[PDB]
Amino acid sequence: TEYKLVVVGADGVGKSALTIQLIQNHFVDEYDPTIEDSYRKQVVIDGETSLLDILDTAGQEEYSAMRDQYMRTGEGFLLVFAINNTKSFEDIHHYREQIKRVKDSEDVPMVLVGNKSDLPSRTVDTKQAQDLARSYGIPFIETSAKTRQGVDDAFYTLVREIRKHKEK
Ligand SMILES: C#Cc1c(F)ccc2cc(O)cc(-c3ncc4c(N5C[C@H]6CC[C@@H](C5)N6)nc(OC[C@@]56CCCN5C[C@H](F)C6)nc4c3F)c12
Ligand SMILES: Nc1nc2c(ncn2[C@@H]2O[C@H](COP(=O)(O)OP(=O)(O)O)[C@@H](O)[C@H]2O)c(=O)[nH]1
Ligand SMILES: [Mg+2]
């Protein structure tokens, strides 16, 4: 099965670092902050061979019709913030609403991802993120793209959310 996964959130939260951890199994310090691109990873998840096509979003904020239609083809979304950046957490509502807007649905597979969990300079409490994810009805996964903590869990959980959505 193929899955179109989309990684969204504010600049600097670690979308590209998370993506490259999944694709290449290491931490890329410098990934061009402006570049939006996609990558495939083939993996077996709960016994099913899965082709994950991951869109790592970036670039200028714009809402062209092409862009709405492209985002609408995403099947599941990682809502990424960084635990050291409160503005990135406050921006999660916006990304969730843009997904709901283009998919014309209140029920889109999503996972809330609190990245940079290796850093000591926390300004977003785990409880804040758990409360937000509970209010959205979605899982919350703590990650570090630096150490790889939680990375497979975030992507595989999103795949499991898509499978559950298909059966509703
Ligand atoms: C993603 C996505 C996205 C979706 F998931 C779903 C559907 C979408 C349909 C669209 O047509 C288009 C998008 C889409 N594309 C790019 C965005 C973006 N950029 C600028 C920077 C920060 C990330 C990256 C890309 N580089 N930024 C903000 O918002 C930033 C803030 C801060 C300044 C003002 N805005 C409004 C809020 F306050 C938050 N939204 C964006 C957005 F919705 C969509
Ligand atoms: N310590 C730490 N740094 C991170 C982590 N994820 C990303 N970074 C760093 O944060 C910056 C922004 O990461 P990037 O992947 O470009 O974020 P993007 O703009 O969301 O694609 C870079 O300096 C990364 O090396 C993480 O989990 N831990
Ligand atoms: Mg990036």
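The figures that follow rest on heavy atoms only: side chains count, while hydrogens, waters and symmetry mates do not. We count residues from 1, following the sequence as given. Atoms within each ligand, like the ligands themselves, are counted from 1 in listed order.
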Indicate if the distance from the Mg ion (ligand 3) to the nearest N, O or S atom of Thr19 falls below 2.8 Å.
no
If you compare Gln149, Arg148, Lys116, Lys15 by their heavy atoms, the one closest to atom 10 (O) of ligand 2 turns out to be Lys116
Measuring from the heavy atoms of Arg101, does anything fall under 4.0 Å of ligand 1?
yes
Numbering as shown, the atoms of ligand 2 that approach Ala17 to under 4.0 Å (heavy-atom distance):
6 (N), 7 (C), 15 (O)
Relative to atom 17 (O) of ligand 2, which among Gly9, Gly14, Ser88 owns the nearest non-hydrogen atom?
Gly14
Just need the protein heavy atom nearest to atom 14 (C) of ligand 1, so name the residue and atom and give the distance.
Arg67 NE, 3.8 Å
Proximity to ligand 2 by part of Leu119, non-hydrogen separation under 4.0 Å
side chain
Residue, atom and distance of the protein heavy atom nearest atom 22 (C) of ligand 1 read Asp11 OD1, 3.3 Å
Return a yes/no value for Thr57: is any of its N or O atoms, backbone included, closer than 3.5 angstrom to an N or O of ligand 1?
no
Around atom 2 (C) of ligand 1, find the nearest protein heavy atom and jot down its residue, atom name and distance.
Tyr95 CD2, 3.8 Å
To which protein heavy atom is atom 11 (O) of ligand 1 closest, and what is the distance rounded to 0.1 Å?
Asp68 OD1, 2.6 Å
Taking atom types as modelled, find out whether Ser105 and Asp107 have a side-chain donor-acceptor pair closer than 3.5 angstrom.
no
Any idea which atoms of ligand 1 are less than 4.0 Å away from a heavy-atom of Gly9?
23 (C)
Is it the case that the side chains of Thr147 and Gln149 hold a donor-acceptor pair, with the cut-off being a distance below 3.5 Å and no angle test?
no
Of all protein heavy atoms, the one nearest atom 4 (C) of ligand 1 is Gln98 CB, 3.9 Å
Please state which protein non-hydrogen atom is closest to atom 30 (C) of ligand 1 and give its distance, to 0.1 Å?
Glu61 OE1, 3.1 Å
Does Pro33 come within less than 4.0 angstrom of ligand 2, counting non-hydrogen atoms of the residue?
no
Ranked by distance from atom 39 (C) of ligand 1, the top protein heavy atom is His94 CD2, 3.8 Å
Proximity flag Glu62 to ligand 1, non-hydrogen atoms under 4.0 Å:
yes
Gap separating the CZ atom of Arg101 from the CG atom of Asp68, nearest 0.5 angstrom
4.0 Å
Answer yes or no: is there an ion pair linking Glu90 with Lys87, defined by an N-O contact shorter than 4.0 Å?
no
For ligand 2, is any non-hydrogen atom under 4.0 Å from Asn115's backbone (N, CA, C, O), its side chain (CB onward), both, or neither?
side chain
The answer for which part of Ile99 has a heavy atom under 4.0 Å from ligand 1 is both
Side chain or backbone of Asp118 under 4.0 Å from ligand 2, or both, or neither, by non-hydrogen atoms?
side chain
Sub-4.0 Å atoms of ligand 2 with respect to non-hydrogen atoms of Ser16
15 (O), 21 (O)
Going by an N to O cut-off under 4.0 Å, is there a salt bridge joining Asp53 and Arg40?
yes
Nearest protein heavy-atom contact for atom 25 (C) of ligand 1: which residue, which atom, what distance?
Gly59 O, 3.2 Å
